[PDB]
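Trainee: What follows is run00.txt, compact mmCIF, C-alpha atoms.
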# COMPACT_ATOMS: atom_id res chain seq x y z
CA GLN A 1 91.90 42.81 222.33
CA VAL A 2 90.56 41.31 219.09
CA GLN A 3 92.75 42.53 216.25
CA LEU A 4 91.62 42.55 212.61
CA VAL A 5 93.76 43.19 209.50
CA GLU A 6 92.29 43.47 206.00
CA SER A 7 94.43 43.12 202.89
CA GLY A 8 94.14 42.38 199.16
CA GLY A 9 92.78 45.77 198.06
CA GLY A 10 93.99 47.55 194.90
CA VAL A 11 92.90 49.15 191.60
CA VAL A 12 90.79 46.93 189.31
CA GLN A 13 89.04 47.34 185.96
CA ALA A 14 85.25 47.11 185.73
CA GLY A 15 84.11 43.50 185.20
CA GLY A 16 87.29 42.14 186.84
CA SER A 17 88.04 40.14 190.02
CA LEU A 18 89.72 40.76 193.36
CA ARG A 19 90.09 38.88 196.64
CA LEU A 20 90.16 40.52 200.08
CA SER A 21 91.44 38.73 203.17
CA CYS A 22 91.16 39.44 206.90
CA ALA A 23 93.37 38.04 209.66
CA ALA A 24 91.74 37.85 213.11
CA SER A 25 94.07 37.51 216.07
CA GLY A 26 92.87 38.19 219.62
CA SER A 27 89.66 36.10 219.55
CA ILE A 28 88.24 32.60 219.70
CA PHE A 29 87.55 32.71 215.98
CA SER A 30 85.40 29.55 215.68
CA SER A 31 82.88 31.18 218.01
CA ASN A 32 82.20 34.32 215.96
CA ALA A 33 80.38 35.38 212.86
CA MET A 34 82.61 37.48 210.64
CA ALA A 35 81.57 40.13 208.18
CA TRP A 36 82.79 42.53 205.50
CA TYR A 37 81.51 46.14 205.46
CA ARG A 38 82.25 48.85 202.93
CA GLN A 39 82.19 52.64 203.11
CA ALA A 40 82.10 54.64 199.89
CA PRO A 41 83.07 58.39 199.84
CA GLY A 42 80.47 60.48 201.70
CA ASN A 43 78.20 57.49 202.42
CA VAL A 44 77.02 55.42 205.38
CA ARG A 45 79.09 52.24 205.81
CA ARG A 46 77.05 49.15 204.88
CA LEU A 47 77.47 45.44 205.43
CA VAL A 48 78.56 43.71 202.18
CA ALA A 49 78.57 40.10 203.36
CA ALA A 50 78.59 38.01 206.54
CA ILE A 51 79.22 34.39 207.51
CA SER A 52 78.19 32.48 210.66
CA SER A 53 80.80 31.02 213.00
CA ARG A 54 81.10 27.65 211.25
CA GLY A 55 79.86 29.00 207.90
CA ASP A 56 76.41 27.36 207.87
CA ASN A 57 74.73 30.69 207.01
CA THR A 58 75.65 33.91 205.19
CA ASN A 59 74.19 37.32 204.41
CA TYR A 60 74.67 39.43 201.33
CA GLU A 61 73.76 43.00 200.46
CA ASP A 62 71.27 42.64 197.57
CA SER A 63 73.40 44.59 195.10
CA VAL A 64 76.48 42.37 195.51
CA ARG A 65 74.51 39.12 195.65
CA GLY A 66 75.61 36.62 192.98
CA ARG A 67 78.76 38.70 192.48
CA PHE A 68 80.56 38.51 195.84
CA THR A 69 81.13 35.42 197.96
CA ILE A 70 82.39 35.26 201.53
CA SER A 71 84.10 32.34 203.16
CA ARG A 72 86.22 31.69 206.22
CA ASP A 73 88.95 29.26 207.20
CA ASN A 74 88.70 28.19 210.83
CA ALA A 75 92.15 26.56 210.92
CA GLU A 76 93.84 29.75 209.70
CA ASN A 77 91.72 32.45 211.47
CA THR A 78 90.82 34.26 208.23
CA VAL A 79 87.72 35.44 206.35
CA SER A 80 87.82 36.39 202.68
CA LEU A 81 85.86 38.43 200.13
CA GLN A 82 85.94 37.08 196.56
CA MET A 83 84.70 39.94 194.38
CA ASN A 84 83.64 39.17 190.80
CA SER A 85 81.99 41.47 188.20
CA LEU A 86 83.27 44.59 189.87
CA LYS A 87 81.23 47.69 189.08
CA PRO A 88 82.32 51.32 189.84
CA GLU A 89 79.70 51.21 192.66
CA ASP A 90 82.02 48.72 194.40
CA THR A 91 84.71 51.39 195.06
CA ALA A 92 85.10 51.78 198.83
CA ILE A 93 87.07 51.15 201.94
CA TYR A 94 86.35 47.56 202.89
CA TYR A 95 86.38 46.69 206.59
CA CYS A 96 86.53 43.37 208.45
CA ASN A 97 84.03 43.10 211.36
CA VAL A 98 83.52 40.72 214.31
CA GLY A 99 79.92 39.86 215.24
CA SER A 100 77.32 37.13 215.74
CA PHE A 101 74.42 35.44 213.92
CA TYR A 102 70.88 35.26 215.32
CA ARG A 103 67.96 33.64 213.45
CA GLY A 104 69.89 33.75 210.19
CA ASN A 105 70.98 37.40 210.46
CA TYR A 106 74.41 38.84 211.21
CA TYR A 107 74.51 41.34 214.07
CA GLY A 108 77.81 43.16 214.25
CA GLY A 109 79.97 44.60 217.03
CA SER A 110 82.39 47.52 217.18
CA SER A 111 85.69 45.84 216.20
CA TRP A 112 87.07 46.92 212.80
CA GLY A 113 90.30 46.60 210.91
CA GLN A 114 92.04 49.63 209.42
CA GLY A 115 90.32 48.95 206.09
CA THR A 116 91.50 48.15 202.54
CA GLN A 117 90.89 50.38 199.50
CA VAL A 118 89.17 48.90 196.45
CA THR A 119 89.09 51.17 193.36
CA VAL A 120 87.28 50.28 190.15
CA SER A 121 88.26 52.26 187.02
CA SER A 122 88.70 51.81 183.24
CA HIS A 123 91.40 52.83 180.70
CA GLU B 71 64.23 28.94 220.31
CA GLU B 72 62.77 29.98 216.93
CA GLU B 73 59.23 29.52 218.30
CA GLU B 74 59.80 31.29 221.65
CA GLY B 75 58.69 34.61 220.09
CA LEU B 76 60.56 37.93 220.05
CA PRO B 77 63.88 38.09 222.02
CA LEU B 78 64.18 40.89 224.57
CA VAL B 79 67.56 42.55 224.28
CA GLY B 80 68.32 44.02 227.69
CA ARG B 81 71.58 45.65 228.81
CA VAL B 82 74.23 45.73 226.10
CA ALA B 83 77.98 45.22 226.69
CA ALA B 84 80.04 47.93 224.95
CA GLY B 85 81.14 46.95 221.43
CA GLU B 86 79.20 43.69 221.57
CA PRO B 87 76.69 42.36 219.01
CA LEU B 88 73.08 43.40 219.84
CA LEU B 89 71.66 39.91 219.62
CA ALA B 90 74.61 38.16 221.29
CA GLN B 91 73.29 35.27 223.43
CA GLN B 92 74.30 36.86 226.76
CA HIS B 93 72.10 39.90 226.00
CA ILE B 94 68.78 38.09 225.40
CA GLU B 95 67.19 38.29 228.82
CA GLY B 96 63.69 37.18 227.83
CA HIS B 97 61.27 36.20 225.08
CA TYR B 98 57.71 37.30 224.39
CA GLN B 99 55.09 35.73 222.14
CA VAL B 100 54.03 38.72 220.02
CA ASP B 101 51.88 38.52 216.87
CA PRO B 102 54.03 39.09 213.71
CA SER B 103 51.22 41.08 212.05
CA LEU B 104 51.44 43.65 214.89
CA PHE B 105 54.28 45.75 213.41
CA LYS B 106 55.02 46.93 209.87
CA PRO B 107 57.53 45.90 208.84
CA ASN B 108 57.86 42.83 211.08
CA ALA B 109 59.65 43.13 214.43
CA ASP B 110 62.69 40.84 214.78
CA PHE B 111 63.48 41.74 218.42
CA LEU B 112 62.69 44.09 221.31
CA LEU B 113 65.18 46.59 222.63
CA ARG B 114 64.84 48.06 226.10
CA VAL B 115 65.18 51.82 225.83
CA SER B 116 67.32 53.85 228.21
CA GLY B 117 66.99 57.55 229.06
CA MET B 118 64.33 60.08 228.05
CA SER B 119 65.89 61.35 224.82
CA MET B 120 62.76 60.27 222.93
CA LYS B 121 59.98 61.18 225.41
CA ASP B 122 58.23 63.64 223.08
CA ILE B 123 57.09 60.88 220.69
CA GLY B 124 56.30 58.78 223.75
CA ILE B 125 59.29 56.41 223.69
CA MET B 126 60.05 56.50 227.46
CA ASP B 127 62.91 55.05 229.46
CA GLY B 128 62.14 51.37 230.07
CA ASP B 129 59.88 50.87 227.00
CA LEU B 130 60.49 47.85 224.77
CA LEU B 131 61.29 48.95 221.22
CA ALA B 132 60.18 46.67 218.37
CA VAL B 133 63.05 46.71 215.86
CA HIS B 134 63.03 45.44 212.29
CA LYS B 135 66.48 44.07 211.37
CA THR B 136 67.57 46.02 208.25
CA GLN B 137 70.31 48.42 207.23
CA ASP B 138 67.94 50.21 204.82
CA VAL B 139 66.48 53.30 206.51
CA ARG B 140 65.46 56.76 205.33
CA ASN B 141 66.00 60.24 206.71
CA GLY B 142 63.22 60.96 209.18
CA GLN B 143 63.02 57.43 210.59
CA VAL B 144 63.83 56.32 214.11
CA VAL B 145 66.91 54.17 213.58
CA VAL B 146 68.90 52.00 215.95
CA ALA B 147 72.48 53.04 215.26
CA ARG B 148 75.92 51.86 216.36
CA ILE B 149 78.60 54.58 216.79
CA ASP B 150 82.02 53.24 217.78
CA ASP B 151 81.35 51.33 221.03
CA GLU B 152 77.74 52.52 221.57
CA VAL B 153 74.19 51.89 220.31
CA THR B 154 71.53 54.57 220.32
CA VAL B 155 67.94 55.13 219.14
CA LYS B 156 67.29 58.41 217.30
CA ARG B 157 65.62 60.06 214.27
CA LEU B 158 68.12 59.96 211.36
CA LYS B 159 69.20 63.07 209.45
CA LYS B 160 71.93 62.08 206.95
CA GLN B 161 73.78 64.96 205.29
CA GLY B 162 76.77 64.20 203.04
CA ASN B 163 79.68 62.82 205.11
CA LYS B 164 77.94 64.13 208.24
CA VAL B 165 75.08 62.27 209.88
CA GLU B 166 72.85 63.84 212.52
CA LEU B 167 70.90 61.80 215.05
CA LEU B 168 67.96 63.77 216.44
CA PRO B 169 66.36 63.40 219.93
CA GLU B 170 62.69 63.88 220.74
CA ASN B 171 63.25 66.00 223.81
CA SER B 172 64.31 69.66 223.88
CA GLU B 173 66.62 68.99 226.86
CA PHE B 174 68.72 66.80 224.51
CA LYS B 175 71.13 67.84 221.74
CA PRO B 176 71.51 66.31 218.24
CA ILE B 177 74.48 63.91 218.11
CA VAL B 178 76.63 64.88 215.12
CA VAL B 179 78.70 62.07 213.63
CA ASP B 180 81.65 62.49 211.27
CA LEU B 181 81.77 59.45 209.01
CA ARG B 182 85.52 59.92 208.38
CA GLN B 183 86.21 59.96 212.13
CA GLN B 184 83.90 57.23 213.54
CA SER B 185 82.37 53.86 212.66
CA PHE B 186 78.65 54.43 212.02
CA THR B 187 76.30 51.60 210.98
CA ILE B 188 72.52 51.09 211.04
CA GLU B 189 71.35 48.28 213.35
CA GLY B 190 67.71 48.43 212.33
CA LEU B 191 64.46 50.39 212.11
CA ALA B 192 62.13 51.14 215.02
CA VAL B 193 58.66 49.92 214.05
CA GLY B 194 56.80 50.00 217.37
CA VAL B 195 56.82 50.31 221.17
CA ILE B 196 55.59 47.98 223.93
CA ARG B 197 55.33 49.36 227.45
CA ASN B 198 54.72 46.94 230.30
CA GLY B 199 55.72 48.65 233.54
CA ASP B 200 54.08 47.40 236.74
CA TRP B 201 53.02 50.99 237.24
CA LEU B 202 51.86 53.07 234.26
Any chance you could put this one into structure tokens?

Mentor:
Amino acid sequence: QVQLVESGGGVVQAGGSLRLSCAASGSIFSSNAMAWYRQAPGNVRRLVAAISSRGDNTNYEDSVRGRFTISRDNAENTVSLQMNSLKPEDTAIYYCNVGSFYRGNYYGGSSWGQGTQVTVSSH
Amino acid sequence: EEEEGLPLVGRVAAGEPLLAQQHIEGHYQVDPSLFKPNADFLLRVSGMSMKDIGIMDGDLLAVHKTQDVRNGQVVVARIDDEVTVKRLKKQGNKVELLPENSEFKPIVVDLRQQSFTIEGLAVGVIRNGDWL
């Protein structure tokens, strides 16, 4: 009965910024690693970033490293994806995930939000 | 715990993280040079869907933690609430997961319809029954 809700998605120009947020509701939030996945059209869904339960450790997909940062706020039960230097490659449904860290690596479970669409275009 | 050797991931609660604490039933000291690329954990296999390559029910599967796998590789994959071990055949927005047993059927996954993620890559097998 964990319930996840992603927001903050929209249409953005290449090289711009955007901030995704996830509200987690039916959980003991302080006890769980949280992660962001993304699924581009016709592709396997991949983990973008993860953070341990108190935020001591993180993981990043290599291709978003240095560009995306994840953080969480334990008081407010949220996790957030700050996306900078957006490339067209970044276009996807972004999902919030609940999971757990072991020896520095996020392992995820099967709870997802409905997803939020990020689209990167030009003019 | 970091020096206890490989964790042994036993029975796995539906929808739960693979390496969740409550799942680690054991630990074995296993040389890191043994598997390529390195094993991060051992996953007890269930069923005989992979018997034809010799991955038998009960065997401990050395798994390298990665989400970077190719077609043709034995992956450990999460589909909705479940985790399975199969040979991966990805094909557009449709992913096939192939058994190694003729009595078993390919699982066909629609990526629009189900959550599909890669848990890691099978790099080796350890069998240690009391009877072989």

Trainee: For chain B, which residues have at least one atom within 6 Å of chain A, if we go by only C-alpha atoms? Write them as a list in words, please.

Mentor: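 Every residue of chain B that passes the 6 Å test is in residues 85, 86, 87, 150, 151, 162, 163 and 187 of chain B.
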
Trainee: Quick one: everything within 12 Å of residue B:106, counting all atoms listed in the file, minus sequence neighbours fewer than 4 positions away in the same chain. Send it as a VMD selection string.

Mentor: chain B and resid 101 to 102 110 132 to 135 191 to 195

Trainee: With C-alpha atoms kept, could you save the residues just selected as a PDB file, in the frame of the given file?

Mentor:
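File produced: part-v5.pdb:
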ATOM      1  CA  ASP B 101      51.880  38.520 216.870  1.00  0.00           C
ATOM      2  CA  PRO B 102      54.030  39.090 213.710  1.00  0.00           C
ATOM      3  CA  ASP B 110      62.690  40.840 214.780  1.00  0.00           C
ATOM      4  CA  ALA B 132      60.180  46.670 218.370  1.00  0.00           C
ATOM      5  CA  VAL B 133      63.050  46.710 215.860  1.00  0.00           C
ATOM      6  CA  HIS B 134      63.030  45.440 212.290  1.00  0.00           C
ATOM      7  CA  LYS B 135      66.480  44.070 211.370  1.00  0.00           C
ATOM      8  CA  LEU B 191      64.460  50.390 212.110  1.00  0.00           C
ATOM      9  CA  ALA B 192      62.130  51.140 215.020  1.00  0.00           C
ATOM     10  CA  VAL B 193      58.660  49.920 214.050  1.00  0.00           C
ATOM     11  CA  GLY B 194      56.800  50.000 217.370  1.00  0.00           C
ATOM     12  CA  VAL B 195      56.820  50.310 221.170  1.00  0.00           C
TER      13      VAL B 195
END

Trainee: Hey, what's within 9 Å of stretch 116-118 of chain A if we count only C-alpha atoms and toss same-chain stuff fewer than 4 positions away? As a PyMOL selection string, please?

Mentor: chain A and resi 5-12+18+20+90-95

Trainee: Please compute the atom CA of residue B:126-atom CA of residue B:114 distance, one decimal, in Å.

Mentor: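 Separating atom CA of residue B:126 from atom CA of residue B:114 is a distance of 9.8 Å.
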
Trainee: May I have the residues at most 9 Å from (60.9, 36.3, 227.6) in the file's coordinates, counting only C-alpha atoms, as a list in words?

Mentor: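 The residues that fall inside the cut-off are residues 74, 75, 76, 77, 78, 94, 95, 96, 97, 98 and 99 of chain B.
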
Trainee: Go through A:1, A:62, A:28, A:84 one by one, measure the shortest atom-to-atom distance of each to residue B:138 using all atoms listed in the file, and give the residue with the smallest value.

Mentor: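 Of the candidates, the smallest distance to residue B:138 is held by A:62.
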
Trainee: Please measure the separation of atom CA of residue B:202 and atom CA of residue B:113, giving the value in Å to one decimal.

Mentor: 18.8 Å

Trainee: Considering only C-alpha atoms, state which residue in the set A:13, A:29, A:36, A:81 is at the smallest distance from residue A:113.

Mentor: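 With only C-alpha atoms as the atom set, the closest residue is A:36.
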
Trainee: Kindly indicate which residue among B:100, B:178, B:139, B:82 lies nearest to residue B:115, using only C-alpha atoms for the distances.

Mentor: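 Result for the nearest residue to residue B:115: B:82.
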
Trainee: Could you state the separation of atom CA of residue A:82 and atom CA of residue A:66 in Å, given to one decimal place?

Mentor: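 Atom CA of residue A:82 sits 10.9 Å away from atom CA of residue A:66.
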
Trainee: Hey, which of A:24, A:4, A:57, A:40 ends up closest to residue B:181? Count all atoms listed in the file.

Mentor: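 Comparing A:24, A:4, A:57, A:40 against residue B:181, the winner is A:40.
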
Trainee: With distances taken over all atoms listed in the file, which residue among B:153, B:145, B:109, B:158 lies nearest residue B:196?

Mentor: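 Ranking B:153, B:145, B:109, B:158 by distance to residue B:196, first place goes to B:109.
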